[PDB]
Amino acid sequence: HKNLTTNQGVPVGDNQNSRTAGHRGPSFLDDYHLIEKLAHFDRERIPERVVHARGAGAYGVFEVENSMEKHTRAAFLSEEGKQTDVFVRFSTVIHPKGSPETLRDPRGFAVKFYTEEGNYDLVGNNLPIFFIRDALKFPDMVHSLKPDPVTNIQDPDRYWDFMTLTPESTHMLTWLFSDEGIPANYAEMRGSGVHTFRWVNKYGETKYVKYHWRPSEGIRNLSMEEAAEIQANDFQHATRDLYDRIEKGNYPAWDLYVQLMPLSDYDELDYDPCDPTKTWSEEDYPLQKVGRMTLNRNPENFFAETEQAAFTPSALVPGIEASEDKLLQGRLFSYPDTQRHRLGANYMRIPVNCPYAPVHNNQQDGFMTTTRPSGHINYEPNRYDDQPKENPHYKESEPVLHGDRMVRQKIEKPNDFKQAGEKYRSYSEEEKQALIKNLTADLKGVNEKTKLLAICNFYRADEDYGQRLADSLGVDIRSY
């Protein structure tokens, strides 16, 4: 048995009635419990994520099967059997908190690994590529996809205008308009690092790496009609499903695979291996098994732990570094930047975001300082041997630059259509039909000129792809 108290720790005599002039009269200003309780209620909400606002989280463990020390000095990957705690958030992308989990969208697949050498965030999506290859375009892309800023309703004519004029998007769209555009839930779902990263071993040798997560539950998708049926009955079925699996002891898991590529392979490929609109052939760069992630614990509080969770691709650990991927480069900045605003300058002190590894540095103050700081020395260099010092054992690599000059210039070999064609051809006939059907429902009402440009882009990917789409949209393209 416990007292209800104010935040001052004074027990509350009456949590039912305001303080009034007699039993029915107007309310008095001297009602500290009322004001305090209303004032806090009034401040419960914080800004949602600018994208991936709808989501769900869970904790678990990652266990190494095959040490990766040949290729990366990353501590968490150093030994067979090595276990690292994780927190994972899954999400949709475009619509706000509260929006349905039955909509078409990439799904987020964000994993925080609590390593001995710091927190490592792998901030992935289910699909292995992206729409654009430079961060400067991200707000444009997002704005085009988001609900129209007048009507508050998402409009195909807006995002198809942007996508058609951004033909590097063609490969991504060829995945997103398969039925994998609507995963059945978060468990029966693929995961992908998307970007090429750099793995650096104990000799300082670098390889390019890509990450893949393979669901123990298998991949399952929803047709447009299956999605609608679920939407009727539950706008939050994926969030429900994840919680319930875990609660009943049916823990979902994913195996982690990598592909590895020598840096030297750049110059021989017909695409840039750091263009995130591209995948790497699994024939030429086979999947290699690393280990397994099992999710086995729901959070105690959704707001404190899932809503306040902060991931960043720039949360890298020794042995794992960014590539030159220009999309990735922008992300390094944008996540902690947005998080400082969404969560506060001290967001890294929120329990879910805290490292297991020790934190010692000379930063200070900021809104909501709760950590009991002490000491006179908040500057380096200083004369005190016991104060925190740099540690050159932990320097990052020094990647070679091939450019002469600071430039704003697209990558060479953009090759916007080829892989999109390859992917189309890899689809079964059923999958090809679903693709075309899903594309047609999206494009049928879009401006004619934009519609034609979309057809042309998919025609450049593959002539059958393009023609089938044109037939299904009733567009005669013979004259071109």
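For every residue, the number given is its place in the sequence shown, counted from 1.
Taking only CA atoms, the mean B-factor in the PDB entry is higher for 393 to 401 than for the other of 251 to 259 and 393 to 401. Looking at 226 to 234 and 361 to 369 together, the entry lists the larger mean B-factor for 226 to 234, computed on C-alpha atoms. Across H195, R214, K97, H341, the greatest Cα temperature factor reported in the deposited entry is at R214. For the set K112, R107, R383, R331, the maximum C-alpha B-factor listed in the entry falls on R383. Among all modelled residues in its chain, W199 ranks in the middle third by Cα B-factor. In the deposited entry, the Cα temperature factor of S323 sits in the middle third of values across the chain's modelled residues.
In this PDB entry, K210 carries a Cα temperature factor that places it within the middle third of its chain's modelled residues. For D140, the recorded CA B-factor ranks within the lowest third of the chain. Only modelled residues enter the ranking. In this PDB entry, the Cα temperature factor of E69 sits in the top third of its chain's modelled residues, the highest group.
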